[PDB]
Structures are given as structure tokens and as C-alpha cells.
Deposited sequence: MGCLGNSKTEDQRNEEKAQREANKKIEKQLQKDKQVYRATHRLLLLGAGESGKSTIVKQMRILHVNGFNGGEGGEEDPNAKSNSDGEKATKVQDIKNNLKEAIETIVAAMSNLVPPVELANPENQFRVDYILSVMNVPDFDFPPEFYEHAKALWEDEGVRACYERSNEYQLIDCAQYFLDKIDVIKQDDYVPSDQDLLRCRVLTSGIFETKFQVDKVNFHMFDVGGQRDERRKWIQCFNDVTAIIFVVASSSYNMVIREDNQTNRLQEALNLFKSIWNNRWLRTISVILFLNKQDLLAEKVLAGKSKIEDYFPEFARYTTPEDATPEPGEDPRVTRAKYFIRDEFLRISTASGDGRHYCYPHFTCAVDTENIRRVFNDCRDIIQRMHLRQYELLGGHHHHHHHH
């Protein structure tokens, strides 16, 4: 009959739907899983990420409301060259543009505009890739694995990835998370094992690209409230990653932005007693990250009725070892979750 075996191996797999708002790191987690458990256009859209970043900073120089001007005002012709190529379909990336990008990234009005990047939309791999394109000005270098993890390519539409860890099958659904893509999520809600909700933790001080007037983390909170209370997910537990730990750590240790400026309940927040921080850690960062964790756990607590759970972990997706540890822990968790039926 042949459908009983296929039906039971369909029972045997684990459906790991990845939800989460814009640029929270879903596709990076899927790339990390295929590094763990499994060819030329990657160079091209790495260079696209470069050009996108440098033109965003160059436009945002004059497009800050106090205009951060050039500390070295000799590069105005270079600034005009970067603004010239801002909207073009194709670009062959000549060595002139590499020298223009390097000469811009050495300037300090440029970097002083870069430090105010919570006031305008900028991609989360600029600081790494300005230095790395200064390394890969040439074209005969194959990008490293971290270079593959840092390349930001937008996701639109349901993607899949089947991989197998130690004779257990995992089938996970990378989805885009922009506000226009959210109608496509409910296609994936049939017989899903677990939901790995992914939150950009360091983007507490930024706003979303759609309306530019809503906090990214507040958007992620309302999105979590929506998918938690959804009438087709009321028996399905939600693993909750919280991505970009290191960016959160350095944005707290820079001390320029305060969480209570944006979430004013943070000022009267105390770190919990069961807080188990990592070694070598400023505990104000620990207070920050447990504040954000308990912001989500309020939502996961205020309903649920013992039907479905929430298992918050702390994670940095561009570091492979962290993903190894948290996915071993989640592997045990969703084993227990699939054995619930």
C-alpha cells in the first residue's frame, strides 16, 4: 500500500516553524543548521550588502535631524559619487568604488553618523563587512563561513530545509517576517511540532521599516501576543530564541542608549534570583537580557491554561558553538514535545 510507511515517517519528522519579525535572524539560524548538519552569487549579494550599507550611511549624513557633517570635508566628491550610484539596477563594482568606500569608512564624520544608526534603517552587518570588503576588494577570494552567516538576504515566502541529526529527522520552515509576509504564515500551521520564535534582542532602540514609528521590540512583542493566542496554535509550544546577544551586550556597555528611555518599566526592574549568567559578564547586561526575557514571559504567562509552554533561550546566531549548545537542548525539548501526542 506504501502510504503507511510514508505516513509514519511523516509522523516521525519534526516540523520546526520559524516565526519572528523583520530581520530577527531566522534565515541565519537555518544557515547555521546547515553548517551543523549537512555558489558564486553569495559574493555578489555580499557586495550588495556592502553597497547598501555605505550608501545608507552616506545618505543618512545629511539625513540626520542634527546633520552629522564630515570630520574630513575633503571627501565631498566621494560622497557625491556614492549618492550618484544610490539607485541603479546593476553595478559591476569597479576598484574606484572600493577606494571610495575605504576612504569613506576611514572618515570620522562618517563613523560619527554610523554611531547614530538607531535613528534610521541600517542593516545589521555593516561594521563587519566594511572591514571585510576592504579585505575582499579583489574577487578571487572565497568568503568564509562567518562571511556567509553575515550576508543579509531578505526572505519572502516559505522555504524548507530537511536535515537529520543522529537518525532523527528535522524539517524546518524558514519564513519571511516583514508585515506583508505575515499572511503567509498560516499556511504552515498544520501539524507543526514546535515554533522557534526568534527575537532580535539588541533592536530595542530601533524602529521597523514599514511605518518607521513603532519600536522593533514592541512589534515583536505584539507579534508574539498574536501568535501565542492564535486559535490554531493553542496546543503547540513555542521555543523562544532571543537572538543577537553580543550586539545587545555591546549596546549596553556602550551606555549611550537606555532601555528605560523606551521601556520605562526597566528602571524599577531587578534581576531575578534564578538568573544563571554566563562567566565574565557585566551583570547590568544580565539585568537587561532577563528584563527582555521576562517581557516575553509575561505574554506567555498571562494565558495558556497549561496547554502549551514557552522555553526561552539566549542565543547569538553568528556564533556556531552557541547554536550547537542551544540546539542540543532544544533537540531534547522537542523530543518531549513530539512525544506529547
Open item on the list: In sequence order, which parts of the deposited sequence are missing C-alpha coordinates?
Closed with: 1-27, 66-87, 391-404
